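Visitor: The structure is given below, and queries will be raised subsequently.
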Amino acid sequence: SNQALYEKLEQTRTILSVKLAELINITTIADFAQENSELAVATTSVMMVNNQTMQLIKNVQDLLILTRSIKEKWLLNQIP
Amino acid sequence: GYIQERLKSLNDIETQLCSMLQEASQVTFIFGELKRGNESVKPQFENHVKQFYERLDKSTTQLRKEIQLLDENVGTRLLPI
């Protein structure tokens with residue numbers, strides 16, 4: 001059951017590093033009228049970065065859930 | 001006590017995780033600035049990205065140690081199951 005803690009940790013670190021690396025790859029370059037308007041490239045980049053952040057938040061949350069579960073094991077299973 | 005030390009280490013990790021979230025917000029807000037043509041915050045962008053990584057590495061490493069310590073304390077401070 002502690003093995004499951006290690007495995008959850010590995011998976012969450014894996015996802016965070018992928019999501020950060022994806023975020024790093026979104027062009028930071030500063031911002032045919034129809035095409036420009038339909039594709040909305042600059043807007044799309046902002047939405048992409050925010051989507052990465054939403055996932056960085058979610059996965060940090062998972063690190064907190066793990067930390068809490070470790071706390072509770074100490075609080076609950078200590079020998080009196 | 002020993003258990004007090006573990007909880008304080010775990011509370012420390014909770015602080016690191018909150019710091020990581022702070023970095024992510026800054027990265028996000030700064031990207032919006034860069035996209036608008038405010039290049040002045042590019043160094044800060046790169047710094048906050050780097051810090052998020054450093055914090056990810058440190059917090060997950062400390063967490064791995066905490067899990068190891070749980071495992072070593074089965075039968076000694078912690079009841080088996």
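Within each chain, counting starts at residue 1; across the structure tokens, chains are named A, B, ... in the order shown, with ligands numbered 1 upward in that order.
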Should the cut-off be 8 Å, what would the residue list for chain A against chain B look like, counting only C-alpha atoms, as a list in words?

Guide: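 Written out as asked, the residues are residues 2, 5, 6, 9, 13, 16, 17, 20, 28, 29, 30, 31, 42, 46, 49, 50, 53, 56, 57, 60, 63, 64, 67, 70, 71, 74, 77, 78 and 79 of chain A.
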
Visitor: Print the selection's residues with N, CA, C and O atoms to a file, as a compact mmCIF listing (two decimals), in the first residue's frame.

Guide:
# COMPACT_ATOMS: atom_id res chain seq x y z
N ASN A 2 2.10 1.14 0.48
CA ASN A 2 3.04 2.23 0.34
C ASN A 2 3.64 2.26 -1.07
O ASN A 2 4.00 3.32 -1.58
N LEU A 5 1.81 4.54 -3.07
CA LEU A 5 2.22 5.93 -2.85
C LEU A 5 3.39 6.32 -3.75
O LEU A 5 3.37 7.39 -4.34
N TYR A 6 4.40 5.44 -3.84
CA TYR A 6 5.56 5.68 -4.70
C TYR A 6 5.11 5.84 -6.15
O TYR A 6 5.59 6.71 -6.87
N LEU A 9 3.30 9.03 -6.88
CA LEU A 9 4.28 10.10 -6.89
C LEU A 9 5.01 10.17 -8.24
O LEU A 9 5.13 11.25 -8.82
N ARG A 13 4.76 13.37 -10.85
CA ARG A 13 5.97 14.06 -11.30
C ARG A 13 6.12 13.95 -12.82
O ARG A 13 6.52 14.91 -13.47
N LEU A 16 3.57 16.43 -14.44
CA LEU A 16 4.00 17.81 -14.24
C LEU A 16 5.15 18.20 -15.16
O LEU A 16 5.14 19.27 -15.76
N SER A 17 6.14 17.32 -15.30
CA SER A 17 7.26 17.65 -16.17
C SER A 17 6.84 17.71 -17.64
O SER A 17 7.30 18.57 -18.38
N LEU A 20 4.86 21.02 -18.08
CA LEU A 20 5.74 22.17 -18.05
C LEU A 20 6.48 22.29 -19.38
O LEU A 20 6.57 23.39 -19.95
N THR A 28 6.28 32.44 -27.45
CA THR A 28 6.08 33.67 -26.70
C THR A 28 6.18 34.91 -27.59
O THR A 28 6.09 36.04 -27.11
N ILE A 29 6.32 34.71 -28.89
CA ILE A 29 6.45 35.84 -29.82
C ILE A 29 5.22 36.75 -29.77
O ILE A 29 4.08 36.27 -29.79
N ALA A 30 5.45 38.05 -29.75
CA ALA A 30 4.35 39.00 -29.62
C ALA A 30 3.40 38.95 -30.80
O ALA A 30 3.81 38.82 -31.94
N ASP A 31 2.12 39.06 -30.49
CA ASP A 31 1.07 39.15 -31.49
C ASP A 31 1.42 40.17 -32.58
O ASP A 31 1.75 41.33 -32.29
N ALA A 42 -2.88 34.36 -31.81
CA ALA A 42 -2.38 34.94 -30.55
C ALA A 42 -3.25 34.57 -29.37
O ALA A 42 -2.74 34.17 -28.31
N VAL A 46 -2.61 32.01 -25.84
CA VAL A 46 -2.94 32.35 -24.46
C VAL A 46 -3.82 31.25 -23.86
O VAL A 46 -3.63 30.83 -22.72
N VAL A 49 -1.64 28.17 -23.03
CA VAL A 49 -0.82 28.29 -21.83
C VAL A 49 -1.71 28.15 -20.58
O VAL A 49 -1.38 27.43 -19.64
N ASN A 50 -2.86 28.81 -20.59
CA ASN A 50 -3.81 28.68 -19.48
C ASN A 50 -4.31 27.25 -19.28
O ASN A 50 -4.55 26.81 -18.16
N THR A 53 -1.63 25.52 -17.42
CA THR A 53 -1.70 25.93 -16.03
C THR A 53 -2.83 25.25 -15.25
O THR A 53 -2.66 24.87 -14.09
N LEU A 56 -1.36 22.04 -14.48
CA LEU A 56 -0.31 22.14 -13.47
C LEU A 56 -0.96 22.24 -12.09
O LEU A 56 -0.51 21.61 -11.13
N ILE A 57 -2.06 23.00 -12.01
CA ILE A 57 -2.80 23.14 -10.76
C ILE A 57 -3.39 21.82 -10.31
O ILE A 57 -3.26 21.42 -9.14
N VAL A 60 -0.53 19.46 -9.12
CA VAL A 60 -0.02 19.89 -7.82
C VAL A 60 -1.02 19.50 -6.73
O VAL A 60 -0.61 19.02 -5.67
N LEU A 63 -0.33 16.14 -5.68
CA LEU A 63 0.80 16.08 -4.74
C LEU A 63 0.36 16.41 -3.30
O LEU A 63 0.89 15.87 -2.34
N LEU A 64 -0.63 17.29 -3.16
CA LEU A 64 -1.16 17.65 -1.85
C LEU A 64 -1.98 16.52 -1.25
O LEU A 64 -1.92 16.26 -0.05
N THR A 67 0.48 14.12 0.12
CA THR A 67 1.07 14.64 1.35
C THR A 67 0.10 14.49 2.53
O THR A 67 0.51 14.10 3.64
N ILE A 70 -0.08 10.94 3.74
CA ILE A 70 1.08 10.60 4.57
C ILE A 70 0.91 11.15 5.98
O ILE A 70 1.19 10.43 6.96
N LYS A 71 0.46 12.40 6.09
CA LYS A 71 0.19 13.01 7.40
C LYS A 71 -0.78 12.16 8.21
O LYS A 71 -0.55 11.89 9.39
N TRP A 74 0.56 9.01 9.85
CA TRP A 74 1.27 9.28 11.10
C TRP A 74 0.29 9.61 12.24
O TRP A 74 0.47 9.15 13.37
N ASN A 77 -2.00 6.03 12.82
CA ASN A 77 -1.45 4.69 13.04
C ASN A 77 -0.25 4.66 13.95
O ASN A 77 0.45 3.65 14.02
N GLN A 78 0.01 5.77 14.64
CA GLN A 78 1.09 5.78 15.60
C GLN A 78 0.70 4.89 16.76
O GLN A 78 -0.48 4.77 17.09
N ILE A 79 1.68 4.23 17.36
CA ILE A 79 1.43 3.42 18.55
C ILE A 79 1.30 4.33 19.77
O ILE A 79 2.15 5.19 20.01

Visitor: As a compact mmCIF listing (two decimals) with N, CA, C and O atoms, in the first residue's frame, please: every residue in chain A that a backbone DSSP assignment puts in alpha helix (DSSP H).

Guide:
# COMPACT_ATOMS: atom_id res chain seq x y z
N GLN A 3 3.73 1.09 -1.71
CA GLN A 3 4.16 1.01 -3.10
C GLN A 3 3.27 1.85 -4.01
O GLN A 3 3.73 2.46 -4.98
N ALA A 4 1.98 1.86 -3.68
CA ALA A 4 1.00 2.66 -4.39
C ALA A 4 1.27 4.16 -4.22
O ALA A 4 0.97 4.95 -5.10
N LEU A 5 1.81 4.54 -3.07
CA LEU A 5 2.22 5.93 -2.85
C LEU A 5 3.39 6.32 -3.75
O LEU A 5 3.37 7.39 -4.34
N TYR A 6 4.40 5.44 -3.84
CA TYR A 6 5.56 5.68 -4.70
C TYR A 6 5.11 5.84 -6.15
O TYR A 6 5.59 6.71 -6.87
N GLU A 7 4.20 4.97 -6.57
CA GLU A 7 3.75 4.93 -7.96
C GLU A 7 2.89 6.13 -8.33
O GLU A 7 2.98 6.65 -9.44
N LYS A 8 2.07 6.58 -7.40
CA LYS A 8 1.31 7.80 -7.61
C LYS A 8 2.27 9.00 -7.72
O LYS A 8 2.07 9.89 -8.55
N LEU A 9 3.30 9.03 -6.88
CA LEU A 9 4.28 10.10 -6.89
C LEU A 9 5.01 10.17 -8.24
O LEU A 9 5.13 11.25 -8.82
N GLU A 10 5.48 9.02 -8.72
CA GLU A 10 6.18 8.95 -9.99
C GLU A 10 5.31 9.43 -11.14
O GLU A 10 5.78 10.14 -12.03
N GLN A 11 4.05 9.02 -11.14
CA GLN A 11 3.13 9.38 -12.21
C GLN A 11 2.85 10.88 -12.20
O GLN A 11 2.84 11.51 -13.24
N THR A 12 2.64 11.46 -11.02
CA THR A 12 2.36 12.89 -10.91
C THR A 12 3.57 13.74 -11.32
O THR A 12 3.42 14.72 -12.06
N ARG A 13 4.76 13.37 -10.85
CA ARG A 13 5.97 14.06 -11.30
C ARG A 13 6.12 13.95 -12.82
O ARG A 13 6.52 14.91 -13.47
N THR A 14 5.82 12.78 -13.36
CA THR A 14 5.90 12.57 -14.81
C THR A 14 4.98 13.55 -15.55
O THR A 14 5.41 14.23 -16.48
N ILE A 15 3.73 13.62 -15.14
CA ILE A 15 2.77 14.53 -15.78
C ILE A 15 3.16 16.02 -15.64
O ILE A 15 3.12 16.78 -16.61
N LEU A 16 3.57 16.43 -14.44
CA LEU A 16 4.00 17.81 -14.24
C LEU A 16 5.15 18.20 -15.16
O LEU A 16 5.14 19.27 -15.76
N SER A 17 6.14 17.32 -15.30
CA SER A 17 7.26 17.65 -16.17
C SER A 17 6.84 17.71 -17.64
O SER A 17 7.30 18.57 -18.38
N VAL A 18 5.95 16.82 -18.06
CA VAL A 18 5.43 16.88 -19.42
C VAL A 18 4.66 18.18 -19.65
O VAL A 18 4.87 18.87 -20.65
N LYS A 19 3.78 18.52 -18.72
CA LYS A 19 2.96 19.72 -18.87
C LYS A 19 3.79 21.00 -18.87
O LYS A 19 3.46 21.97 -19.56
N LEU A 20 4.86 21.02 -18.08
CA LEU A 20 5.74 22.17 -18.05
C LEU A 20 6.48 22.29 -19.38
O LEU A 20 6.57 23.39 -19.95
N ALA A 21 7.02 21.17 -19.86
CA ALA A 21 7.71 21.10 -21.14
C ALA A 21 6.81 21.54 -22.31
O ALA A 21 7.27 22.20 -23.25
N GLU A 22 5.54 21.16 -22.26
CA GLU A 22 4.55 21.59 -23.27
C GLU A 22 4.38 23.11 -23.21
O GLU A 22 4.43 23.79 -24.23
N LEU A 23 4.20 23.62 -21.99
CA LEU A 23 4.09 25.06 -21.78
C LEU A 23 5.31 25.82 -22.32
O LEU A 23 5.16 26.88 -22.94
N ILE A 24 6.51 25.28 -22.09
CA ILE A 24 7.75 25.88 -22.59
C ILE A 24 7.77 25.98 -24.12
O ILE A 24 8.37 26.90 -24.69
N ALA A 33 -7.01 38.97 -43.91
CA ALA A 33 -7.77 39.30 -42.71
C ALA A 33 -8.64 38.14 -42.25
O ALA A 33 -8.71 37.85 -41.05
N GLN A 34 -9.32 37.46 -43.18
CA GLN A 34 -10.20 36.36 -42.79
C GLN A 34 -9.45 35.25 -42.05
O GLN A 34 -9.88 34.80 -40.99
N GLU A 35 -8.34 34.81 -42.63
CA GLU A 35 -7.53 33.76 -42.02
C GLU A 35 -7.12 34.16 -40.60
O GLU A 35 -7.31 33.39 -39.66
N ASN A 36 -6.58 35.37 -40.46
CA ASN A 36 -6.11 35.87 -39.17
C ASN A 36 -7.21 35.83 -38.14
O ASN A 36 -6.99 35.46 -37.00
N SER A 37 -8.40 36.25 -38.57
CA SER A 37 -9.55 36.30 -37.71
C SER A 37 -10.07 34.89 -37.36
O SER A 37 -10.42 34.62 -36.23
N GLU A 38 -10.09 33.98 -38.33
CA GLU A 38 -10.58 32.62 -38.04
C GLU A 38 -9.61 31.85 -37.12
O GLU A 38 -10.04 31.22 -36.16
N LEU A 39 -8.32 31.92 -37.41
CA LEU A 39 -7.34 31.12 -36.66
C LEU A 39 -7.06 31.71 -35.29
O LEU A 39 -6.77 30.96 -34.35
N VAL A 41 -4.57 33.18 -33.87
CA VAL A 41 -3.35 32.54 -33.39
C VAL A 41 -2.90 33.04 -32.01
O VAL A 41 -2.57 32.24 -31.14
N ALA A 42 -2.88 34.36 -31.81
CA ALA A 42 -2.38 34.94 -30.55
C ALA A 42 -3.25 34.57 -29.37
O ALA A 42 -2.74 34.17 -28.31
N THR A 43 -4.56 34.69 -29.55
CA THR A 43 -5.56 34.24 -28.59
C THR A 43 -5.40 32.76 -28.27
O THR A 43 -5.43 32.36 -27.10
N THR A 44 -5.26 31.95 -29.30
CA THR A 44 -5.08 30.51 -29.12
C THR A 44 -3.87 30.17 -28.23
O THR A 44 -3.93 29.27 -27.39
N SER A 45 -2.78 30.92 -28.39
CA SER A 45 -1.59 30.66 -27.59
C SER A 45 -1.86 30.94 -26.11
O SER A 45 -1.38 30.23 -25.23
N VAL A 46 -2.61 32.01 -25.84
CA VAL A 46 -2.94 32.35 -24.46
C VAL A 46 -3.82 31.25 -23.86
O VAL A 46 -3.63 30.83 -22.72
N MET A 47 -4.78 30.77 -24.65
CA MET A 47 -5.65 29.70 -24.19
C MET A 47 -4.85 28.43 -23.93
O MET A 47 -5.08 27.75 -22.94
N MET A 48 -3.88 28.12 -24.80
CA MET A 48 -3.03 26.94 -24.59
C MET A 48 -2.23 27.01 -23.30
O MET A 48 -2.12 26.03 -22.57
N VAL A 49 -1.64 28.17 -23.03
CA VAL A 49 -0.82 28.29 -21.83
C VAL A 49 -1.71 28.15 -20.58
O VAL A 49 -1.38 27.43 -19.64
N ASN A 50 -2.86 28.81 -20.59
CA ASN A 50 -3.81 28.68 -19.48
C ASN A 50 -4.31 27.25 -19.28
O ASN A 50 -4.55 26.81 -18.16
N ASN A 51 -4.46 26.52 -20.39
CA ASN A 51 -4.85 25.12 -20.31
C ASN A 51 -3.75 24.29 -19.63
O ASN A 51 -4.02 23.42 -18.81
N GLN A 52 -2.49 24.58 -19.96
CA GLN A 52 -1.37 23.94 -19.25
C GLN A 52 -1.41 24.25 -17.76
O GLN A 52 -1.22 23.38 -16.91
N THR A 53 -1.63 25.52 -17.42
CA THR A 53 -1.70 25.93 -16.03
C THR A 53 -2.83 25.25 -15.25
O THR A 53 -2.66 24.87 -14.09
N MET A 54 -3.98 25.10 -15.89
CA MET A 54 -5.10 24.39 -15.28
C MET A 54 -4.65 22.98 -14.87
O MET A 54 -5.03 22.48 -13.81
N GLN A 55 -3.85 22.35 -15.72
CA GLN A 55 -3.34 21.00 -15.46
C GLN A 55 -2.18 21.00 -14.46
O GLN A 55 -2.02 20.07 -13.68
N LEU A 56 -1.36 22.04 -14.48
CA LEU A 56 -0.31 22.14 -13.47
C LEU A 56 -0.96 22.24 -12.09
O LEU A 56 -0.51 21.61 -11.13
N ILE A 57 -2.06 23.00 -12.01
CA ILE A 57 -2.80 23.14 -10.76
C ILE A 57 -3.39 21.82 -10.31
O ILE A 57 -3.26 21.42 -9.14
N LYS A 58 -4.06 21.14 -11.24
CA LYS A 58 -4.70 19.87 -10.94
C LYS A 58 -3.67 18.88 -10.38
O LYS A 58 -3.92 18.22 -9.37
N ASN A 59 -2.51 18.79 -11.02
CA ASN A 59 -1.50 17.81 -10.64
C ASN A 59 -0.73 18.17 -9.37
O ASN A 59 -0.32 17.28 -8.62
N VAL A 60 -0.53 19.46 -9.12
CA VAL A 60 -0.02 19.89 -7.82
C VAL A 60 -1.02 19.50 -6.73
O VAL A 60 -0.61 19.02 -5.67
N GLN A 61 -2.31 19.67 -7.00
CA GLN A 61 -3.37 19.19 -6.11
C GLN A 61 -3.11 17.72 -5.76
O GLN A 61 -3.24 17.32 -4.60
N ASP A 62 -2.77 16.92 -6.77
CA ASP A 62 -2.54 15.50 -6.50
C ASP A 62 -1.34 15.30 -5.55
O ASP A 62 -1.36 14.41 -4.71
N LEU A 63 -0.33 16.14 -5.68
CA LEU A 63 0.80 16.08 -4.74
C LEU A 63 0.36 16.41 -3.30
O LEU A 63 0.89 15.87 -2.34
N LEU A 64 -0.63 17.29 -3.16
CA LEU A 64 -1.16 17.65 -1.85
C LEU A 64 -1.98 16.52 -1.25
O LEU A 64 -1.92 16.26 -0.05
N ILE A 65 -2.76 15.85 -2.08
CA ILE A 65 -3.55 14.71 -1.63
C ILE A 65 -2.61 13.62 -1.09
O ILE A 65 -2.86 13.03 -0.05
N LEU A 66 -1.52 13.38 -1.82
CA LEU A 66 -0.50 12.44 -1.36
C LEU A 66 0.10 12.85 0.00
O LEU A 66 0.23 12.03 0.91
N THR A 67 0.48 14.12 0.12
CA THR A 67 1.07 14.64 1.35
C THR A 67 0.10 14.49 2.53
O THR A 67 0.51 14.10 3.64
N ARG A 68 -1.18 14.77 2.30
CA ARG A 68 -2.18 14.64 3.36
C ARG A 68 -2.31 13.20 3.79
O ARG A 68 -2.45 12.92 4.98
N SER A 69 -2.30 12.29 2.82
CA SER A 69 -2.46 10.89 3.16
C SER A 69 -1.27 10.42 4.01
O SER A 69 -1.44 9.62 4.93
N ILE A 70 -0.08 10.94 3.74
CA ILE A 70 1.08 10.60 4.57
C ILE A 70 0.91 11.15 5.98
O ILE A 70 1.19 10.43 6.96
N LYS A 71 0.46 12.40 6.09
CA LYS A 71 0.19 13.01 7.40
C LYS A 71 -0.78 12.16 8.21
O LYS A 71 -0.55 11.89 9.39
N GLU A 72 -1.86 11.73 7.56
CA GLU A 72 -2.91 11.00 8.26
C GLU A 72 -2.45 9.63 8.75
O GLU A 72 -2.90 9.16 9.80
N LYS A 73 -1.57 9.00 7.99
CA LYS A 73 -0.99 7.74 8.43
C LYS A 73 -0.21 7.93 9.74
O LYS A 73 -0.34 7.13 10.67
N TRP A 74 0.56 9.01 9.85
CA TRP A 74 1.27 9.28 11.10
C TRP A 74 0.29 9.61 12.24
O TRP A 74 0.47 9.15 13.37
N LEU A 75 -0.73 10.40 11.93
CA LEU A 75 -1.67 10.86 12.95
C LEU A 75 -2.52 9.71 13.47
O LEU A 75 -2.89 9.67 14.65
N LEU A 76 -2.81 8.76 12.60
CA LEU A 76 -3.78 7.72 12.92
C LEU A 76 -3.16 6.38 13.35
O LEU A 76 -3.75 5.66 14.14
N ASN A 77 -2.00 6.03 12.82
CA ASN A 77 -1.45 4.69 13.04
C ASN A 77 -0.25 4.66 13.95
O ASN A 77 0.45 3.65 14.02

Visitor: So what do you get for CA of residue 62 (chain B) versus CA of residue 12 (chain B), distance-wise?

Guide: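 We find that CA of residue 62 (chain B) and CA of residue 12 (chain B) lie 9.6 Å from each other.
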